[PDB]
Amino acid sequence: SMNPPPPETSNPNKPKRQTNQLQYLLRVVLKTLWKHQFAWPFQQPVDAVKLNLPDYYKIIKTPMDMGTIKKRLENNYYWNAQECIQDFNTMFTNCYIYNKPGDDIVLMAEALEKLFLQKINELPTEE
Ligand SMILES: Cc1cnc(Nc2ccc(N3CCN(C)CC3)cc2)nc1Nc1cccc(S(=O)(=O)NC(C)(C)C)c1
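Reading the values: the criteria
- Residues numbered from 1 in each chain as written, not as in the entry; some residues may be left out.
- Heavy atoms only, no water.
- Helix = DSSP H or I, 4+ residues; strand = E, 2+ residues; numbered from the N terminus.
- Buried < 20%, exposed > 50% of the residue type's maximum accessible area, 1.4 Å probe, protein only.
- Contact = heavy atoms within 4.5 Å.
- Near = heavy atom within 4 Å.
- Polar contact = N/O pair within 3.5 Å; in protein donor to acceptor, adjacent residues only side chain to side chain.
- Areas by Shrake-Rupley, 256 points an atom, 1.4 Å probe, with all protein chains shown as cover.
- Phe/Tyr/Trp six-rings, centres within 6.5 Å; stacked < 30°, edge-to-face > 60°.
- Core = buried A, V, L, I, M, F, W, Y, C linked by side-chain atoms within 4.5 Å.

X-ray crystallography is the method the PDB entry lists for this structure, together with a resolution of 1.700 Å.

As named in the PDB entry, the chain is Bromodomain-containing protein 4, taken from Homo sapiens. Anyone opening this PDB entry will find it titled "Crystal structure of the first bromodomain of human BRD4 in complex with TG101209".

What follows is the structure in structure tokens.
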């Protein structure tokens, strides 16, 4: 089967704003996770075709990845910081759903999620 289209990253009909929290999510949170040694499998939508995973998009109906999250932030797609946080959580939980406890890719996600939670603990108060 084909890959689904990637999640929307721009919508000219969605209102836009800049907040210090969204700036932090891009400049601090995303940036720190992106450079992590275990980040690479989470940097783009899963290409189930190239990876030969016929069941991936049978199981994962709400795909999400850091490339999509980054594009959303660069485009001012998010209105609330919580939208972005929800997207990271969806990414992590999709990993845990598709795979099994103890799998290498799960350990990788766990490492990234721990770091994510550390950075979110330092989220500045909404100005
Ligand atoms: C975000 C994400 C969540 N789950 C899985 N699981 C996964 C993917 C591929 C495989 N295989 C199956 C065996 N086959 C020969 C190649 C890849 C196994 C599990 N992969 C993810 N991303 C991913 C992105 C790019 C490449 C790969 S990967 O290099 O094909 N797979 C591992 C070795 C990292 C697990 C994986």
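From this point on, the discussion continues.
Caption draft 1: Molecular detail of the side chain of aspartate 87. Position of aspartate 87 relative to the elements: it lies in helix α5 (residues 81-98). By relative accessible area, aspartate 87 is classed as buried at 11%. When residues no more than four places from it in sequence are discounted, the contact partners of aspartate 87 are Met64, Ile69, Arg72 and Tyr78.

Caption draft 2: Focus on the site of the ligand. Surveying the vicinity of the ligand reveals the residues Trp40, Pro41, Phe42, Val46, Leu51, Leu53, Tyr98, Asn99 and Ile105. Contacts to the ligand include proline 41, whose backbone N or O atom sits 3.2 Å from a nitrogen atom. Isolated, the ligand exposes 660 Å² of accessible area, and the fraction of that covered by the protein chains is 57%.

Caption draft 3: Region of interest: the packing of aromatic side chains. Using the criterion set out here, one finds 5 aromatic pairs in the structure. Connected via pairs of aromatic rings, a cluster forms that spans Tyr56, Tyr57 and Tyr98.

Caption draft 4: The nonpolar core, seen in detail. Counting residues in each nonpolar core, the largest one holds 28 residues, and the members touching the most others are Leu25 and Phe88. Counting only elements with at least two residues in this core, the list comes to α1 (20-34), α4 (66-74), α5 and α6 (104-120). Among the nonpolar cores identified, the runner-up in size contains 5 residues, and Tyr56, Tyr57, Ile60 and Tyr98 belong to it.

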